[PDB]
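Engineer: Pasting in a structure now, in structure tokens, and then I'll have a few things to ask.
Residue numbers (the deposited numbering), protein chains in the order written: chain J, 40 to 47, 58 to 326, 334 to 450; chain H, 166 to 518; chain D, 12 to 97, 128 to 349; chain E, 1 to 134, 155 to 235, 302 to 330, 342 to 444.
Rendered as structure tokens:
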């Protein structure tokens, strides 16, 4: 049974792994995907502003003896380093075989029942030559799920798919640069730039021991940049298995929250549809919700939720934007690509566009917001004011 | 020379007249390389067609007029010839060579016949440079007249109906139905286009990524389930490339599978064609004038690669991939031609004039 | 035990058992087990348990109409069982066993009546793979060599597999793309389509190209049979809208490649469609050969007015 | 006139066995016929008319010797430079060139069809078309005919440097590690005029600045898997098996196949033939032994000799029961009573 443990401004008060995706919290999606590929018991290693996740994940349907992936969460006050997480795992002596690690943001529908064979039998053949499998999905660049601050230039070998070199072009080089050692040996070298990291791994338990020794390693990219240049006397290999079906992330920046919670409404994860575990679908993707009273002359145009409890007013034009549970917008409101949350309340004559909001907040008359601003945590904008770009209130 | 041939597989009974072809390059192997007197230039384009590197139902006319412009601007006028019957005979097997490339073409014949007219109309006593430059000059004035300076003019009529609120629906790629539906966002009048595309050589993506760089919004549906756009459409500007005098509209194979699947929901259907691309034949059904093409493209790599490759080794399982279709003019409304918005039934009335 | 919950998850995640009375064998299984040993009160507390577990089961993906269909038929056997009862577990479980054994022979008897329709040299035509139409057409291989035209539509297309499974055992098939169903169907006769589920008014809810196909039938006037067994006669005339389908991921229709075009463009993917009863011209069924406009009372033959 | 064909004569790079009058031209055969022929029968095989050749007065003697369809060379290369690596090879004849050009100059024999690698030019109207065989690393995209960066180990340090923009379009570049290059380049008639003026560029492996199509002329070149190999090394003996006489004193006492002997020559007795070519006018008389060895013209060997894969040059002689094993027997020298080793007999 695969154990597959999961590690842990606006993020000050609330954790970054309990913020809501779209009326659901990001520590439930990972519980889903790991419950989908298959996991008998999952381990949650808590990091910061903890013990609340020890209630939320104690409140959900996962906390039930009817459940399958019977969880066991661990809390560490000393391990506040975000590296060497597995040091207390091997030190605690928990796992038996074939971990599958993923840290926090995991909204994915990829099944891992086909890769685990490819690094099960393959792992067996080299009996000790392959360390881990790093799943990575295909994409083409200029897609707005690949940020400025993420890329890879990983150049694998043909016919074996072993990751030879590595980069992380987040420093945006004007010319990227693999080393001549890889092109030195001669079978066939392909340097693919297409891939986009899905941050999900299936690592052999030996990679715990490789963390115990060489204790100066912290990051995943630190580890992989380690074991492919040094350890020259037969360390391991890094073998990856690409995909073409559903994807998951894992997008930390707010710029990645924009995309990866605006494609979970547009159905791009076909079993992680918003009708999950109330709503009802409709034409042009207006996935309305129960106990909801719109107003006369409203036009809920395209690609918009409307959570359980809201009330919009007359002459509203809500479009391409979520709206949480319990809110109440007013007459002649105008939402556009925004994202409210549980218990906000805007007022009349607004012009909220391309922005955010947060929980238990409010706004009053003539408050004309602008691009990329994000009010937070019971803030209020109040009287007639037009905040400029990036006006991050607090 | 001109071995041509090289047909493959078993055609699917019914039509055995149509000649199937395979894209293994066919003709390239046979030809001589020093010059190979078959074609000074036309071997280039003739090679360029078969792989699928021009293929748009317009601009083949532009291609053939360009190459014929060069080859007409290479002729030598031998010492015992009048150069009218000489060149006019000389162009025959070369056009036959491109004719063996792919079945003929669609109304590029009209161009070819026009060339034969202008060649035949040549005066019997002039300089070779005089009649030569005059000939290629007229060959330019044609493509400036009926191909260049008309498609612009056949957009001014189209604005008169495309006004604010409607939800138009083009089908696949098109040559005019991008111009006269994209010179209508400029000059305002917002709408919401929805495009629909057919299962091989998809061709709908060329629209959907040539239109988002204009800014008019979009949607996307494959032709197999175009029964959801039809309860929200407000037109369909399905444009096509050959008008036949019985009011038939030779479209791609998809069209007519939508038109008479539209008029059972009461949304109109408006065709848009040009003024030379209407031909003086008449055809009643699809099975006399189609053009089959390489039935190997149908391969859905959707898991275990269910046999696609294996059919040849199966017996009596031949797949067929047609290229044209027919629209009978009881299911067609107005045609937006370049001489007014004439009625369909008067398809012959443009001919005499 | 609560293995049904696993079953309640099993229909939740998907992964179809290909409709082959496996959903029916399962629903008969769980209804047999809950029928077998549970709480017991005389006054239909069993029936109330059937309503509860029923509505919990119907809380699955609302397309597998066979689940609720055999659920309701179990309820009607309960109502008639009590009706004669005016030791009930013996009669109820016995009659449910009889319904199981009757369900055990659909694909044969619905395929016997095949020689009486297809004649020599007759260009039949279908679209989309279905078990009953393939078994039905295979028992007409002791008659002459006709053709079969199969459409390759509804991508993701589950259709070809059938073109294999036929053409290596039988008649000279040809496979056409979906977008050429109106150059063909000018040279055809006797269309057949299999049915995902059929409605009370006489409607066929089927694969995503059934309409656009039936319209051609009642344009050229060729008769179309929809060979469909029993237990798929659904009540609830077509009132609930847009939950009538399955919208799948648009990866199947547009690839995740070609970036940035996929920022502002709307993709649609329906799995089913809507065939109204104004175009079907016979039903070949498990017991008779009933017409469209009669289907009404057949439904009243099976169920009871608790159709909700 | 679609193309034009230039088959010049480059010169002598490094072949000490050929450094003498062994190679007064590249016409020194390790094959059966001379080295101008076996390439220059492909261009006449595919059917080109009168071609352009360029040498320096030496094959001018062999001009009336050979036979072909048509030719009109220039033997006036004036070898005071030993140079013009496509610089004044093209530029010397530049007021004669009046169309496109394909070039293959005095080089390796080729066993692959021209049809493909002239189609892949004549289709796309590109700039370049070269062949390949399968360190100087050259990468290509996820098809044929898409040339990425082609760069030698010379101008490189200890790494590679990809140009960024050409890894954001065409975004899967697969670097081909080691490919035996070939000298069959097909170019357009403007890239001649580019090096007509601005003639500071030279050395045909440095006219690959159209591997800088970025920042629109494009380049395309295709691989293979067949027997078109390179024949300008010291490995001429490796290409000596060609497998493409009659007028000679063939004894046939030795019964041997899969070898060839030149005409007007006497075969011998008490001998055998084991995969060895043999020149014209070569006397075989008394107990001898073929050797999987190469034999030039005007030599004689007999009398209990038994060799093993050596290079019998012209104007040589052997007798007296000789025994060699992979030696480079010089020209104009002879040895009979010896048992030498694999070393070379210098002039």
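No residue lacks a Cβ here, since even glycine has one placed at the ideal position from N, Cα and C.
By how many angstroms is the C-alpha of residue 508 of chain H removed from the C-alpha of residue 316 of chain H?
Structural biologist: Using only the alpha carbons, I get a separation of about 19 Å.
Engineer: What three-state label does DSSP hand residue 505 of chain H in the structure shown?
Structural biologist: Note: residue 505 of chain H maps to strand in three-state DSSP.
Engineer: Using three-state DSSP, classify residue 156 of chain E as helix, strand or coil.
Structural biologist: It is coil, neither helix nor strand.
Engineer: How many whole angstroms separate the CB atoms of residue 41 of chain J and residue 158 of chain J, which I take to be in contact at a CB cut-off of 8 Å?
Structural biologist: Their Cβ separation, rounded to whole angstroms, is 18 Å, which puts residue 41 of chain J and residue 158 of chain J out of contact at 8 Å.
Engineer: Which chain D residues are close to residue 422 of chain H, counting only those with a beta carbon under 8 Å from its beta carbon?
Structural biologist: Going along chain D in sequence order, the residues near residue 422 of chain H (Cβ under 8 Å) are 220, 221, 222, 223 and 253.
Engineer: For a contact meaning CB atoms closer than 8 Å, what does residue 298 of chain D contact in chain H?
Structural biologist: Those do not exist, as residue 298 of chain D stays about 11 Å from chain H at its closest Cβ, beyond 8 Å.
Engineer: Output, in chain order, the set of chain D residues within a Cβ distance shorter than 8 Å of residue 388 of chain H.
Structural biologist: 219 and 220, listed in chain order.
Engineer: Nearest chain E C-beta to residue 208 of chain H closer than 8 Å, yes or no?
Structural biologist: Yes, residue 208 of chain H counts as interfacial toward chain E.
Engineer: Hey, could you find the ends of the alpha helix (DSSP H) residue 309 of chain D is sitting in?
Structural biologist: Where residue 309 of chain D is concerned, there is no enclosing alpha helix (DSSP H), given that its DSSP letter is neither H nor E.
Engineer: Around the Cβ of residue 297 of chain H, are there at least 16 other Cβ atoms within 10 angstroms (buried) or fewer (exposed)?
Structural biologist: It is buried - the Cβ of residue 297 of chain H has at least 16 other Cβ atoms within 10 Å.
Engineer: So with Cβ pairs under 8 Å, would you call residue 194 of chain E a contact of chain J?
Structural biologist: It does: the Cβ of residue 194 of chain E has a partner Cβ on chain J nearer than 8 Å.
Engineer: Assign residue 216 of chain H to one of two classes, buried (16 or more other C-beta atoms within 10 Å of its C-beta) or exposed (fewer than that).
Structural biologist: Label assigned to residue 216 of chain H: exposed.
Engineer: For the beta strand (DSSP E) that residue 184 of chain J lies in, which residues bound it at each end?
Structural biologist: Run containing residue 184 of chain J: 181-186, per the beta strand (DSSP E) assignment.
Engineer: Measure the alpha-carbon distance for residue 284 of chain D versus residue 337 of chain J and round it to whole angstroms.
Structural biologist: Spanning the two alpha carbons is a distance of roughly 7 Å.
Engineer: Comparing C-alpha positions only, which one of H/182, H/168 and H/413 sits nearest to residue 457 of chain H?
Structural biologist: Taking only the C-alpha atoms, the option nearest residue 457 of chain H is H/182.
Engineer: What residue range is occupied by the uninterrupted beta strand (DSSP E) comprising residue 196 of chain E?
Structural biologist: 192-196 is the span of the beta strand (DSSP E), which, as asked, contains residue 196 of chain E.
Engineer: Within 10 angstroms of the Cβ of residue 305 of chain J, are there 16 or more other Cβ atoms? Answer buried if so, exposed if not.
Structural biologist: By the neighbour-count rule (16 or more Cβ atoms within 10 Å), residue 305 of chain J is buried.
Engineer: Might you give, ordered along the chain, the residues of its own chain that have their beta carbon closer than 8 Å to the beta carbon of residue 382 of chain H, omitting 5 neighbours on each side?
Structural biologist: So the qualifying residues of the chain are 357 and 358.
Engineer: Taking all protein chains shown into account, decide if residue 97 of chain J is buried (16 or more other Cβ within 10 angstroms of its Cβ) or exposed.
Structural biologist: Residue 97 of chain J should be labelled exposed.
Engineer: Say whether chain E places a C-beta atom closer than 8 Å to the C-beta of residue 206 of chain J.
Structural biologist: No, because no Cβ of chain E sits closer than 8 Å to the Cβ of residue 206 of chain J.
Engineer: With which residues is residue 95 of chain J paired in a DSSP beta bridge?
Structural biologist: Residue 95 of chain J is bridged to J/124.
Engineer: Could you tell me the alpha carbon to alpha carbon distance between residue 91 of chain E and residue 376 of chain H, rounded to whole angstroms?
Structural biologist: Rounded to whole angstroms, residue 91 of chain E to residue 376 of chain H spans 49 Å at the Cα level.
Engineer: Looking at chain H, is there any beta carbon in it that lies within less than 8 Å of the beta carbon of residue 67 of chain E?
Structural biologist: Judged by the 8 Å Cβ criterion, residue 67 of chain E is not in contact with chain H.
Engineer: Check whether the Cβ of residue 184 of chain E lies closer than 8 Å to any Cβ atom in chain J.
Structural biologist: Cβ-Cβ to chain J under 8 Å: yes for residue 184 of chain E.
Engineer: One question on the structure: do residue 224 of chain E and residue 56 of chain E come within less than 8 Å of each other, judged by their Cβ atoms?
Structural biologist: Taking 8 Å as the Cβ cut-off, residue 224 of chain E and residue 56 of chain E do not qualify as a contacting pair.
Engineer: Which term fits residue 235 of chain H, buried or exposed, when burial requires 16 or more other beta carbons within 10 angstroms of its beta carbon?
Structural biologist: Flag for residue 235 of chain H reads exposed.
Engineer: Among the residues of its own chain, which have a CB less than 6 Å from the CB of residue 406 of chain E, if the five just before and after it don't count?
Structural biologist: These residues qualify, in order along the chain: 388, 389, 390 and 423.
Engineer: Terminal residues of the continuous beta strand (DSSP E) containing residue 249 of chain J?
Structural biologist: Residue 249 of chain J -> beta strand (DSSP E) spans 245-252.
Engineer: Within this structure, are the beta carbons of residue 237 of chain D and residue 264 of chain D separated by less than 8 Å?
Structural biologist: The answer is no: Cβ separation not under 8 Å.
Engineer: For residue 444 of chain H, which of helix, strand or coil comes out of DSSP?
Structural biologist: The answer is strand: DSSP assigns residue 444 of chain H an E or B state.
Engineer: Which full runs of the beta strand (DSSP E) of 3+ residues lie inside the stretch 351-438 of chain E, going along the chain?
Structural biologist: Runs of the beta strand (DSSP E) inside the stretch 351-438 of chain E: 396-398 and 413-415.
Engineer: Nearest-angstrom Cα distance between residue 249 of chain J and residue 344 of chain D?
Structural biologist: When rounded, the distance between both Cα atoms is 51 Å.
Engineer: For a contact defined as C-beta to C-beta under 9 Å, what are the partners of residue 53 of chain E on chain H?
Structural biologist: By Cβ distance, chain H contributes nothing, its closest Cβ being about 16 Å from residue 53 of chain E, past 9 Å.
Engineer: Assign residue 194 of chain D to one of two classes, buried (16 or more other C-beta atoms within 10 Å of its C-beta) or exposed (fewer than that).
Structural biologist: Residue 194 of chain D should be labelled buried.
Engineer: Where DSSP assigns a beta bridge to residue 407 of chain H, which residues make up the other side?
Structural biologist: According to DSSP, which records beta bridges pairwise, residue 407 of chain H is partnered with H/415.
Engineer: Determine, using beta carbons only, whether residue 247 of chain H and residue 289 of chain H come nearer to each other than 8 Å.
Structural biologist: Yes, the Cβ-Cβ distance between residue 247 of chain H and residue 289 of chain H is below 8 Å.
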